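In the form deposited in one PDB entry, a lone chain appears below as structure tokens.
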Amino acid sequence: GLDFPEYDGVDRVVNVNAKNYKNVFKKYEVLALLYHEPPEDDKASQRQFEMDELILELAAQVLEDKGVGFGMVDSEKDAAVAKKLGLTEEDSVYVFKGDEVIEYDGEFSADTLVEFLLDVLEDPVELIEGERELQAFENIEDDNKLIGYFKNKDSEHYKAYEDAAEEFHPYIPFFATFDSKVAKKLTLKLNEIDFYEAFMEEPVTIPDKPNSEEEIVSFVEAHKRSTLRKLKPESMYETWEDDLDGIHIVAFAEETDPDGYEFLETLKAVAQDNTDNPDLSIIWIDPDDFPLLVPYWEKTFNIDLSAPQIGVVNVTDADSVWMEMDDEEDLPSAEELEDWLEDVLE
């Protein structure tokens, strides 16, 4: 029978240098550039560099037909190109779509990169027309989302909303509808924009509508750090490095597992009860999203990720404390969680 697709071994990652970098940007709508330090001469360093190149090669093969290019910029050999393009963070990926530039800070894998770039290709604002499109919108809960009601696609207040959407694309989805019926179900006046914090039932409306590009961006910046945030591969590093006071409240819960789903519903509740605390942000990690880190997590934290967990992690040395839970008795409720949090921090 016909075989599944496979990596064909063809090289597609452009070696970007001073003479071709201008042609490359014109060739591709979306361009992903790995800004890297010159590979050390030792064996292991040469292998690490090799792994990262092939990951780009595999991604380039997948996204060749959709017009996504992949390039490498050497921090010394191509230093002038780094200067003209603004590549500062060493050993990191930059994504270019038309004008805007995205400083990728997520997992460096073929799966995650292709997913992220496919989201990048999409327009910054997604429209909602039928009730099924609204019902899909109302079901999002692991991303902060915005919804606005505007008269037409040509409205001046919509372009400001769209321009603001470009500042957070694709991490934070921006939705808009021109159907008053959908707007009525959401209690959205004309040109009003609602911000739904992740895992929160009731939204927050942006004051002083209509809103300009700057008013929207300022609002999102002040509200993007949700009280409960999910560790997603597209942004795991940005999220983890955003520690409040040198520690993270980490909770492991497998959504598909019954014990994991129940424990998550408790977390959502604790977050809803304490959503106004400006210093509280809990990281939810679904171990199913990071299969390669599970053994490392069980080893470092001395926990069994087959059962739900919650703890405090020192981001400096990975020192940790974890709430103990009985495998026979029922899982702790919001009351027990709120009390366990207050004690370990006091």
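Start at 1 with the first residue shown and count on from there. Here, rigid core means the biggest group of C-alpha atoms that superpose within 1.5 Å across both forms.
Keep in mind that the form deposited in another entry is missing from the display, and what follows is about it.
Engineer: So which one of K159, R132, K181, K83 actually moves, Cα shift of 2 Å or more between the shown form and the other one once the core is superposed?
Structural biologist: So the only displaced C-alpha belongs to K83.
Engineer: Please check if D74 moves between the shown form and the other one, taking a CA shift of 2 Å or more relative to the superposed core as movement.
Structural biologist: For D74, whose C-alpha is compared between the shown form and the other one after core superposition, the shift is 2 Å or more.
Engineer: Using a superposition on the rigid core, decide whether the Cα position of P278 changes by 2 angstroms or more between the shown form and the other one.
Structural biologist: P278 C-alpha, core-superposed: shift of less than 2 Å.
Engineer: If the two forms are fitted on the core, does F25 show a Cα displacement reaching 2 angstroms between the shown form and the other one?
Structural biologist: Yes; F25 is a residue whose C-alpha shifts (by 2 Å or more) between the shown form and the other one when the cores are overlaid.
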